[PDB]
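> Experimental structure and sequence below, a few questions after.
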Amino acid sequence: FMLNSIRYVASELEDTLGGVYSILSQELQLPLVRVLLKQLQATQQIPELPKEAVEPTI
Amino acid sequence: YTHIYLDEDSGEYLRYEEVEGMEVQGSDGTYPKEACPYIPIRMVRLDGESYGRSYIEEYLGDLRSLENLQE
Amino acid sequence: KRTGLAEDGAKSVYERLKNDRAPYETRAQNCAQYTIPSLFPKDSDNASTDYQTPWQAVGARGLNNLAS
Amino acid sequence: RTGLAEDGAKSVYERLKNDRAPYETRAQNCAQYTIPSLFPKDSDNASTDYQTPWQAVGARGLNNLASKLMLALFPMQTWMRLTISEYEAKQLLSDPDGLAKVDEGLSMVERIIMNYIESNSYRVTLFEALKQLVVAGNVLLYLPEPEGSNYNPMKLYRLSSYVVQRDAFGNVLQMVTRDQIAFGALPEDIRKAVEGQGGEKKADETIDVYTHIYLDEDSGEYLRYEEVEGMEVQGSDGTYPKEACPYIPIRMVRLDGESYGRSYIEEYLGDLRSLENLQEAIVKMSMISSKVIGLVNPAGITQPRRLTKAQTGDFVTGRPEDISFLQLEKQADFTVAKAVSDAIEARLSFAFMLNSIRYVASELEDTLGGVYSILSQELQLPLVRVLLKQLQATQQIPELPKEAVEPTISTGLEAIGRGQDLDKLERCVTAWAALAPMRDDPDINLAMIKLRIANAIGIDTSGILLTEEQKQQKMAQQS
């Protein structure tokens, strides 16, 4: 449970111990960033004029 | 009750709200297959199973034994 | 008027699928009971219910630490 | 189809599933002794409880190995290098500035590969594949053809979903992948195909789709098609070269003859068995110890009724010796069991790197099991050989050098950080920084010394250092 332990508490600590925390980075983070976008984009809170690419989210 | 499902044809998710028997005409939103604002989550994904398998699920035996000893 | 997967109705599909959700609810209830029990109470559980604290008391700390 | 395909995808998959059984059984055993939920059985489904292992060290080691290999094979820094094979492009090149521009273009291609890998969430799928490899070394990673910019992560195929056929050399490949996609979500072509083959399919019932690729009986490449029910789908008729096949079967430990398998923890399965048995015995002895029984001697005078029906204090008639409690006398056996368990845990931890970038590879991670160099030819290169060609098929990394083939040398250890070129360049530049006080030293020739030390370092100074002709023409131009 990591009782006997940003970037060191992540890609390490909460990685070698905890199996995969990257499944919550593709199941919780990306989906939220992809809904916040297109929602803030349907409303006039972020610019909407890519016309170059689709600007992927990592 | 809010129910969203795949379009039987080559379509996107169809969303509607049912309160009591009949739906509400006001709620007829349709969302793309990509930007679905409901976002079901799963911690440990297993093929076949629709969801579940918490992290503490596979340490439940240790908790059982430790709690028995401490009791 | 609704097409496939929705002709019967939201209530009916929810009732049908709730039976397939039972094992996950039971395992979640067990995990909650051995860790902090108040997190995932049973459907019947309501006010006037006392959540006996686990003896081990390491599950609660581990859950809190993982969440943090 | 004919030539390894006349019978059909379903028939060949069923035939080859019998040769997959031993690997599945060994994988299931390894999963059971480590985290059991990782590799569930086919019969196993929801409503099944995975009894957690007693030893609880195989799971730790599995997680550590997966994380370490993922931090070594696929790191944050570029893990592949595009080489140019100098002296093959020099002959058809104007001045070393051209070579530097070619290297810059290769670096840009590497950066774009980084961008594509990170944008499609390849890291999660790679980590899952790596963990599956450690528990049961075999995974098939299908890379769909890019379509626009929408992310298309590789669809990981566990052992239970695919089969492979290999000859002694492994040259012969016949890979069949089974995927259960329910009608209503079936790709349009497959949806119409299944509807045409039969009548109406319920949106809930699962539909089995088989994708089979085989060597062309003649001097041909791999032939790919998708079969849903008896007859294939006219839409799927792709043909792929034997080099750039987007399915990329993986194996952790290769043994000649065997088509695949031999997970890493297979050889340590006996130690896991012994540790689990010892830990189970210890836990059960502890549970025995937990129970408390009051042994009262009949020959005594103490009566437990007056003991129970008495508050704190409340002097009672009796003798302390009469009341005794049962105890687990098995102590020395406990000590020897603990010693053996500690020894087994220590050896396993050394084997799983629990008792431990380049120090996370070369040393540690490539010394506690040499699999960082066998999985750099099975997972790293095949992925960069398919990712580059697809991204060339679309207009994302246009290549038109006409000089070399720009070979990929992923080979992490070889090119972890773009190779040891920055170190050589900084060392030679620092050396050239010296000798400045002795410029007014007519006895020595600065250029000779500089070139000699550059040769000693082995670095290429075709353009960095101006030769006699270059110096003379520069002086003439300056005038």
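Right, received. Where do you want to start? Residues are numbered from 1 along each chain as shown, chains lettered A, B, ... in the order given.

> Check the secondary structure at residue 17 for me.
With no chain named, the answer covers chain A. For residue A:17, the secondary-structure state derived from DSSP: H, G, I helix; E, B strand; the rest coil is coil.

> That one and residue D:354, how far apart?
Using C-beta to C-beta, to the nearest Å, residue A:17 is found at 10 Å from residue D:354. All C-beta spots, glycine's among them, are computed from the backbone N, C-alpha and C.

> Now for the two: what residues contact both?
A shared contact of residue A:17 and residue D:354, defined by C-beta atoms under 8 Å, 6 or more residues apart in numbering or on different chains, is any residue touching both; here these are D:60, D:64.

> Those two: which has the busier surroundings?
The residue with the greater number of neighbours, taking residue A:17 and residue D:354 and applying other C-beta atoms under 10 Å in any protein chain shown, is residue D:354; the counts read 19 against 16.

> How about that one: what's its closest non-neighbour residue?
residue D:64 (5.5 Å; C-beta to C-beta, 6 or more residues apart in numbering or on different chains).

> Show me where chain C has its helices.
In chain C, helices defined by DSSP state H lie at C:10-34, C:59-67, listed in chain order.

> Also chain A?
Taking DSSP H as the test, the helices found in chain A are A:24, A:30-42.

> Distance to chain B added to the helices of chain C, as CSV?
Formatted as CSV, these follow (distance: least, C-beta to the nearest C-beta, whole Å):
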stretch, distance to chain B
helix C:10-34, 4
helix C:59-67, 5
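
> wait, which of those is closest to chain A?
Of all the helices of chain C, helix C:59-67 sits nearest to chain A, with 3.0 Å by C-beta to the nearest C-beta.

> Now that closest one: buried residues?
Taking 16 or more other C-beta atoms under 10 Å in any protein chain shown as the basis for neighbour counts, the residues of helix C:59-67 that come out buried are C:59-60, C:62-63.

> what does it contact?
Counting contacts by C-beta under 8 Å, 6+ apart, the residues touching helix C:59-67 from outside are A:1-3, A:18, B:55-56, B:63, C:34-36, C:39, C:54.

> Closest to chain D out of these?
Out of the contacts of helix C:59-67, the member with the shortest distance to chain D (by C-beta to the nearest C-beta) is residue A:18, at 7.2 Å.

> Do I have it right that that closest one meets residue D:60?
No - with contact defined as C-beta atoms under 8 Å, residue A:18 and residue D:60 do not form a contacting pair (10.8 Å).

> wait, what's in contact with residue A:56?
When contacts are counted by C-beta under 8 Å, 6+ apart, residue A:56 touches D:115, D:119-120, D:149, D:151.

> what's the distance between residue A:22 and residue D:256?
Remark: distance between residue A:22 and residue D:256 (C-beta to C-beta) = 35 Å.

> Spatially central residue in chain A, please.
Relative to the mean C-alpha position of chain A, the nearest C-alpha, by C-alpha atoms, centre = their mean, is the one of residue A:29, at 3.3 Å.

> Can you give me the end-to-end span of stretch C:45-56?
According to C-alpha to C-alpha, to the nearest Å, stretch C:45-56 extends 23 Å from its N-terminal end residue to its C-terminal end residue.

> Point me to the residue of chain A nearest chain C.
When distances are taken as C-beta to the nearest C-beta, chain A approaches chain C most closely through residue A:1, which lies 3.0 Å from it.

> For that residue, give me its contacts.
So residue A:1 contacts C:58, C:61-63, C:65-66 (C-beta under 8 Å, 6+ apart).

> for the residues you listed, which one is nearest residue C:45?
Sorting the contacts of residue A:1 by distance to residue C:45 puts residue C:63 at the head of the list, at 18.9 Å, by C-beta to C-beta.

> which parts of chain C sit against chain A?
Among all residues of chain C, those adjacent to chain A (criterion: C-beta under 8 Å from any C-beta of the partner chain) are C:58, C:61-63, C:65-66.

> Can you name the residues that contact residue 54?
No chain was given, so I picked chain A. Residues touching residue A:54, when contacts are defined by C-beta under 8 Å, 6+ apart, comprise D:148-150.

> nope, chain C please
If you count contacts by C-beta under 8 Å, 6+ apart, residue C:54 has them with B:63, B:67, C:33-37, C:60.

> can these go into CSV with extra columns for distance to residue C:14?
Converted to CSV, the contacts of residue C:54 look like this (distance: C-beta to C-beta, whole Å):
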residue, distance to residue C:14
B:63, 32
B:67, 35
C:33, 26
C:34, 29
C:35, 28
C:36, 28
C:37, 26
C:60, 32
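
> Tell me which two of these sit farthest apart.
Of all pairs drawn from the contacts of residue C:54, the greatest distance, 12.9 Å, lies between B:67 and C:36 (C-beta to C-beta).

> re earlier: ok, the contacts of residue A:1 vs residue C:27, which is closest?
The shortest approach to residue C:27 among the contacts of residue A:1 belongs to residue C:63, at 14.9 Å (C-beta to C-beta).

> Against chain B, how distant is residue A:33?
11 Å (C-beta to the nearest C-beta, to the nearest Å).

> Can you verify my assumption that that residue contacts residue A:57?
Yes - with contacts defined as C-beta under 8 Å, residue A:33 counts as touching residue A:57 at a distance of 4.8 Å.

> who in chain C is up against chain D?
Counting by C-beta under 8 Å from any C-beta, the residues of chain C near chain D are C:4-5, C:20, C:22-24, C:27.

> Please repeat the previous calculation with a cut-off of 10 Å.
C:3-6, C:20-24, C:26-27, C:30 (C-beta under 10 Å from any C-beta of the partner chain).

> ok, back up a step: would you list the helices of chain C in TSV and tack on distance to residue C:46?
Formatted as TSV, the entries for those read as follows, by distance: least, C-beta to C-beta, whole Å:
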stretch	distance to residue C:46
helix C:10-34	15
helix C:59-67	22
